[PDB]
């Protein structure tokens, strides 16, 4: 079910398109659905992967599609429900299970044990494949493909982040799954330099509710090319395709 980026970007980027590397934000272009809250459950892998599919349907279909993380939690045998999972495993099971359910047909119950029951789903929403995004290609992928389901190495500082300029530690190993929804640049005073410097960042959608960070989001530092990774973002990185 995996395609190669090399082939996919040829299809999605227009022939004569020039990438703007300074700023692009899918929140301004109808590509981002409301932030969700995983409550007390390690289902980040489901929120990341399903949210990336929500975004792809918004972009490609220009309408609001809200899907069920609970269905993956209950039915994705390749993953471990609230005990954790993988981005690739999740997309594989989206395909093999016959698609996602709407959020209203299959509502979220977090750590409450629930049997898998797809007979509760009326309509089903499939993806065709998914594509791994190379670490030197995040801005291009984000601009032409859409938001990216990414791993992140989250710390306690990240857990307790309530907005403002992030100065926290990163985790050792990737331990969380979030979504990249854009990039930007602002002028920020640089204390090791003693003046205003360009500060490039990726915009990350988390799944800990809109009371975490900045409306559920965080800006993490990158560079103009967008190769620099803060907290190991996108070590695993995939966009779902219709």
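Residue numbers count along the first chain shown, from 1.
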Can you tell me whether residue 132 has a C-alpha B-factor in the lowest, middle or highest third compared with the other modelled residues of the same chain? lowest
So where's residue 174 on the chain's Cα temperature factor ranking, which third? highest
By its CA B factor, does residue 191 count among the lowest, middle or highest third of the modelled residues in the chain? highest
Based on the entry's values, in what third of the chain does the Cα temperature factor of residue 8 lie: lowest, middle or highest? highest
Quick one: classify residue 23 as lowest, middle or highest third of the chain based on its Cα B-factor. middle
